[PDB]
Structures are given as structure tokens and as C-alpha cells.
Number of protein chains: 2
Amino acid sequence: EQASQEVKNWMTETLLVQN
Amino acid sequence: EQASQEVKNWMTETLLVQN
């Protein structure tokens with residue numbers, strides 16, 4: 001599961017800010 | 001920095017394998 005609702009939110013937001 | 005059941009499973013397993 002590369003991304004999933006909750007996971008997608010963190011994956012994008014978290015990584016988005018980092019990058 | 002953040003983990004939640006599903007997120008924890010991926011965060012650990014996914015990152016565990018990577019590292």
C-alpha cells in the first residue's frame with residue numbers, strides 16, 4: 001500500500017514538507 | 001515521528017526493509 005487515505009495524507013503532507 | 005496501526009505497519013516494514 002504505497003498510499004491509503006490516512007497513509008496518503010501523512011505520506012504526502014509529511015514528505016511534501018520535507019521535500 | 002508518526003505511526004498508526006496501518007501506518008505503523010508500513011512505516012516499520014517498508015522502512016525496515018529499506019534500512
# chains A, B, ... in the order shown; residues from 1 in each chain; ligands from 1

call {"tool": "closest_atom_pairs", "arguments": {"of": "chain B", "to": "chain A", "cutoff": "8 Å", "atoms": "only C-alpha atoms", "output": "JSON lines"}}
result
{"residue": "B:6", "atom": "CA", "partner": "A:7", "partner_atom": "CA", "distance": 7.8}
{"residue": "B:7", "atom": "CA", "partner": "A:7", "partner_atom": "CA", "distance": 5.8}
{"residue": "B:10", "atom": "CA", "partner": "A:1", "partner_atom": "CA", "distance": 7.7}

call {"tool": "select_by_dssp", "arguments": {"residues": "chain A", "states": "helix (DSSP H, G or I)", "output": "list in words"}}
result
residues 6, 7, 8, 9, 10, 11, 12, 13, 14, 15, 16, 17 and 18 of chain A

call {"tool": "write_last_selection", "arguments": {"atoms": "C-alpha atoms", "output": "short mmCIF file (atom, residue, chain, number, x, y, z; two decimals), in the first residue's frame"}}
result
data_model
loop_
_atom_site.label_atom_id
_atom_site.label_comp_id
_atom_site.auth_asym_id
_atom_site.auth_seq_id
_atom_site.Cartn_x
_atom_site.Cartn_y
_atom_site.Cartn_z
CA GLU A 6 -4.68 8.22 6.21
CA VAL A 7 -1.35 6.95 4.89
CA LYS A 8 -1.69 9.16 1.81
CA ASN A 9 -2.37 12.22 3.96
CA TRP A 10 0.78 11.68 6.03
CA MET A 11 2.87 10.39 3.13
CA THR A 12 2.09 13.46 1.03
CA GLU A 13 1.89 16.15 3.70
CA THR A 14 4.82 14.79 5.71
CA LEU A 15 7.07 14.15 2.72
CA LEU A 16 5.80 17.22 0.88
CA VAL A 17 7.02 19.48 3.68
CA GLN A 18 10.30 17.58 3.95
#

call {"tool": "decode", "arguments": {"residues": "chain B", "atoms": "C-alpha atoms", "output": "PDB file, in the first residue's frame"}}
result
ATOM      1  CA  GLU B   1       7.766  10.652  14.071  1.00  0.00           C
ATOM      2  CA  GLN B   2       4.259   9.315  13.483  1.00  0.00           C
ATOM      3  CA  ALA B   3       2.748   5.827  13.423  1.00  0.00           C
ATOM      4  CA  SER B   4      -0.729   4.293  13.456  1.00  0.00           C
ATOM      5  CA  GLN B   5      -1.592   0.605  13.140  1.00  0.00           C
ATOM      6  CA  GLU B   6      -1.786   0.600   9.344  1.00  0.00           C
ATOM      7  CA  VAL B   7       0.710   3.456   9.098  1.00  0.00           C
ATOM      8  CA  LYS B   8       2.940   1.763  11.668  1.00  0.00           C
ATOM      9  CA  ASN B   9       2.906  -1.493   9.709  1.00  0.00           C
ATOM     10  CA  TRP B  10       4.027   0.215   6.503  1.00  0.00           C
ATOM     11  CA  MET B  11       6.317   2.701   8.240  1.00  0.00           C
ATOM     12  CA  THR B  12       8.179  -0.085  10.034  1.00  0.00           C
ATOM     13  CA  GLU B  13       8.055  -2.866   7.448  1.00  0.00           C
ATOM     14  CA  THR B  14       8.657  -0.551   4.494  1.00  0.00           C
ATOM     15  CA  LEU B  15      11.426   1.467   6.143  1.00  0.00           C
ATOM     16  CA  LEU B  16      12.779  -1.591   7.949  1.00  0.00           C
ATOM     17  CA  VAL B  17      13.451  -3.327   4.635  1.00  0.00           C
ATOM     18  CA  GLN B  18      14.866  -0.149   3.104  1.00  0.00           C
ATOM     19  CA  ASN B  19      17.237   0.285   6.045  1.00  0.00           C
TER      20      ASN B  19
END
